[PDB]
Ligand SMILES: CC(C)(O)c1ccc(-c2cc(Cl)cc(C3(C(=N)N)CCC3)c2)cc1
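What follows is a single chain, given as structure tokens, in the form deposited without this ligand.
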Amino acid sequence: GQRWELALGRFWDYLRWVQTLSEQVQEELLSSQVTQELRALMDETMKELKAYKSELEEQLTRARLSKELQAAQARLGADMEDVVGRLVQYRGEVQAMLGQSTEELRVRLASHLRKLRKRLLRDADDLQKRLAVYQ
């Protein structure tokens, strides 16, 4: 129930919706709305994570653990940036189609998103584990 976990949960719920590639998702993927909204949720998650670590350091080998926690935090942020970037890519590939069917592009986006989401989830679990043993 930590603040950064709730923020990550909002990013995660939003991305679970994007995965469906429903009509309204597809509409908002060709505007900047999905990637703008996900970036805001990403930034919030990272901000709350930074503040949580800072407060944990008040209730605490340490050097190694602190560097490993930094690396796990950076992985989470890179994962979220990779998701946003893949969705920016999709918008460009649609435009290149010049009005032609995007069904194949959507099948391919859906399968790639599943794998990016798998990576984000496993990195979030690893980060949560390191935060629990840091404290």
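Position 1 is the first residue in the sequence shown; the rest follow in order.
One more form of this protein should be noted, the form solved in complex with this ligand, which is absent from this view; the next part is about it.
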Taking this ligand as it sits in the entry with it bound, is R10 in contact with it (heavy atom to heavy atom, 4.5 Å or less)? yes
Would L6 count as a contact of this ligand in the entry with it bound, using a 4.5 angstroms cut-off between non-hydrogen atoms? yes
Find out whether any non-hydrogen atom of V18 is located within 4.5 angstroms of this ligand in the entry with it bound, and reply yes or no. no
Pull the contact list for 117-132: residues with a heavy atom within 4.5 Å of this ligand in the entry with it bound, in sequence order. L121, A124, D125, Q128
